[PDB]
Amino acid sequence: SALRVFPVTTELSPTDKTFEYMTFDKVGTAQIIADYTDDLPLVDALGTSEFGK
Amino acid sequence: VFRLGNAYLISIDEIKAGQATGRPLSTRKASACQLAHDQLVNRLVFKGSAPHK
Amino acid sequence: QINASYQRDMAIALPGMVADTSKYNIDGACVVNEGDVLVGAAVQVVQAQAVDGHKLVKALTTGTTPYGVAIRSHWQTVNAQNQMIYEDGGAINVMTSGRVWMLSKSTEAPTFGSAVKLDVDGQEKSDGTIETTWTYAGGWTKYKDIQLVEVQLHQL
Amino acid sequence: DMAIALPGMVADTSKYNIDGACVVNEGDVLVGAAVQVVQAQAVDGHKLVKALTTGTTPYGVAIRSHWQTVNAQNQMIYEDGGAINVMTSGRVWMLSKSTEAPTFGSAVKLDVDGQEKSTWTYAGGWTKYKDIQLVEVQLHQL
Amino acid sequence: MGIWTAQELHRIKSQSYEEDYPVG
């Protein structure tokens, strides 16, 4: 059966009819630097979402 | 002397949605039924009814 | 100064609303296929599953037999285009017996007990090309710039 | 899994009517077969049912019951001289001799045995169970 | 392609408005 070979979780309320979940990713880099440095590379993050019924 | 009446419907899913979202749907229908009865009484007083003499 | 009091009346019905509590029948094991369905308009059956049991329905089309009329619901309907519609791929409440308020596009009040004629898009019209077993129940009213008609549906 | 249906069993929970004030006048009636009213007593109010014969108008379909009728065979059967349940309106599974499903909404015809040969209408159910070939029928009361 | 969605920065007013139908 599908209820024994696949994981079962309890997180969704009985009144919701649609749900949404998100995944996040990171971007950036690092470099070898010396003292008295001003230009330092920056990092950032982003996200994406999916829906279900 | 005459008798007056009406009714309304509601499902279990609507009851649960009203309990969860904080805005029930049954009380609005009850108010509508009461308003319909009062307006029918007023209309009978001020307009009459030919078939019912 | 003279005190004043005012008065105003509600409307009688809404499109797709069940008319009264007489003996009715709702077929809830239906699924919408290929398009959107307007509440208060007739539907057709394109396939009845032999084992699974669900019925596949869509909006009425030329040269087809209507099955029922979709009804209002505050939980199963999506709010799109400033009104209630039944979206594609979702369950639909289809009524196949009883009195219902239905969308119309005619101009004259109908007579009691006469046969109902439908248009190509699934709305009542006095000179439509689609023949139905249904009859007229006598209700005939108008919401804000919308015509409505009371129709009695018999089980197919 | 499970079997899908059995003969004489009600399909859905829509509007249905069951006449329990009946009795099998002659012979035995197979569960899931059409029956006809041989004689309706004017004052006593009982209807004498029988298996469908040639050139007669059917009345209803006999349904199952675990208490009213018992039998030593695998299949249920109504014995002569016993009270019978007959359903006169609703959706019911029925015995059939056909092999291909007809069109939905078609008007069905009944064989001389009370079976389904090639007015009640087809409902859309066509399954197979132990080589019985059940069919789902919508019955109206006229 | 962000971290927050519009629904997470939305608010619904506590009070609602009702249409009036005097009885007479």
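Residues numbered from 1 in each chain as written, not as in the entry; some residues may be left out. Chains lettered and ligands numbered in written order. Part of a larger assembly, values for the part shown. Heavy atoms only, no water.

Caption draft 1: Layout of the overall build of chain B. Summing up its helical and strand segments, chain B has 2 helices and 0 strands in all. On C-alpha atoms alone, chain B measures out to a radius of gyration of 16 Å, which is more than a quarter above the 10 Å that the 2.2 N^0.38 rule sets for 53 residues. Overall size of chain B, expressed as C-alpha extent along the three principal axes, is 50 × 15 × 15 Å. Counting every position in chain B, which comprises 53 residues, the buried fraction comes to 15%. Looking at chain B as shown, the accessible area adds up to about 4,400 Å², and 58% of this sits on carbon and sulfur atoms. (Helix = DSSP H or I, 4+ residues; strand = E, 2+ residues; numbered from the N terminus. Rg over C-alpha atoms; globule rule 2.2 N^0.38 Å. Buried < 20%, exposed > 50% of the residue type's maximum accessible area, 1.4 Å probe, protein only. Areas by Shrake-Rupley, 256 points an atom, 1.4 Å probe, with all protein chains shown as cover.)

Caption draft 2: A look at the arrangement of the chains. Summarising the chain contacts, 7 pairs of chains touch, and the pair with the most contacts is chains C and D. Looking at chain A next to chain D, you find no contact at all, with the nearest C-alpha pair sitting 10 Å apart. Contact between chain D and chain E is absent, and the minimum C-alpha spacing across the pair is 39 Å. (Contact = heavy atoms within 4.5 Å.)

Caption draft 3: Spatial organisation of unusual backbone geometry. Residue and element names in this part refer to chain C. Positive phi is not limited to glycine here, since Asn 82 has a value of about 60°. For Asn 82, the location among the structural elements is in the loop between β7 (78-80) and β8 (83-86). We classify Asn 82 as exposed; its relative accessible area is 83%.

Caption draft 4: Representation of the pattern of salt bridges. With the rule as written, the count across this model stands at 11 salt bridges over all chains. The residue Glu19(E) makes a salt bridge to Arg8(C) at a minimum N-O spacing of 2.3 Å. Given the relative accessible area of 53%, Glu19(E) is considered exposed. The exposure class assigned to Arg8(C) is partly exposed, which follows from its relative accessible area of 33%. Residue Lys125(C) pairs with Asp127(C) through a salt bridge whose shortest N-O separation is 2.2 Å. What emerges from the salt-bridge pattern is a single network uniting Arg8(C), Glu19(E) and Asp20(E). (Salt bridge = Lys/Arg side-chain N within 4 Å of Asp/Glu carboxyl O.)

Caption draft 5: Geometry of the interface of chain C and chain D. Facing 14 residues of chain C, the contacting portion of chain D comprises 14 residues. Carbon and sulfur atoms supply 56% of the area that chain C and chain D bury against each other, a total of about 970 Å² over both sides. Area buried by chain C at its contact with chain D is led by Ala50(C), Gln155(C) and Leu156(C), which between them contribute 39% of it. For the pair chain C and chain D, the interface holds 0 salt bridges. Counting across the chain C and chain D interface gives 2 residue pairs in polar contact. Within the residue set of the side of chain C that touches chain D, elements represented by two or more residues are β1 (25-27) and β4 (42-48) of chain C. When the residues that make up the side of chain C that touches chain D are grouped by side-chain class, the tally is 7 nonpolar, 4 polar and 3 charged. (Buried area = accessible area lost by both parts, 1.4 Å probe. Polar contact = N/O pair within 3.5 Å; in protein donor to acceptor, adjacent residues only side chain to side chain. Nonpolar A, V, L, I, M, F, W, Y, C, P; charged D, E, K, R; others polar.)

Caption draft 6: Inspection of the pairing of strand β5 (residues 47-51) of chain D at higher detail. Residues and elements named next belong to chain D. Two strands pair when backbone bridges link them, and strand β2 (residues 22-24) and β5 are joined in this way by 3 bridges, in the parallel orientation. Across the sheet, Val 24 pairs through a bridge with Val 49, a residue of β5. Pairing of strand β4 (residues 34-40) with β5 involves 5 bridges; the strand directions are antiparallel. When the bridges of β5 are listed, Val 37 appears paired with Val 49. (Pairing = 2+ DSSP bridges.)

Caption draft 7: Summary view of helix α2 (residues 26-47) of chain B. Residue and element names in this part refer to chain B. Counted at 1.5 Å a residue, the expected span for α2 with its 22 residues is 32 Å, and the 31 Å between its end C-alpha atoms agrees. Within α2 the residues assigned to the buried category are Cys 33, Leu 35, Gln 39 and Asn 42. Positioned one or two residues after α2, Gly 48 has a phi angle of 75°, which is positive. (Expected span 1.5 Å × (residues − 1).)

Caption draft 8: Seen up close, the packing of aromatic side chains. Per the counting criterion, the structure on display carries 1 aromatic pair over all chains. A ring pair is formed by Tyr67(C) and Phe104(D), whose centres lie 6.2 Å apart and whose planes are at 75°; its orientation type is edge-to-face. Of this pair, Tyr67(C) sits in strand β6 (residues 66-70) while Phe104(D) sits in the loop between β8 (86-94) and β9 (109-110), placing the two residues on different chains. Note on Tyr67(C): relative accessible area 4%, which makes it buried. Over the ring of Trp75(C) we find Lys17(A); its NZ or CZ atom is 4.9 Å from the centre of that ring. (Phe/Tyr/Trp six-rings, centres within 6.5 Å; stacked < 30°, edge-to-face > 60°. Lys NZ or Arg CZ within 6 Å of the ring centre and 35° of its normal.)

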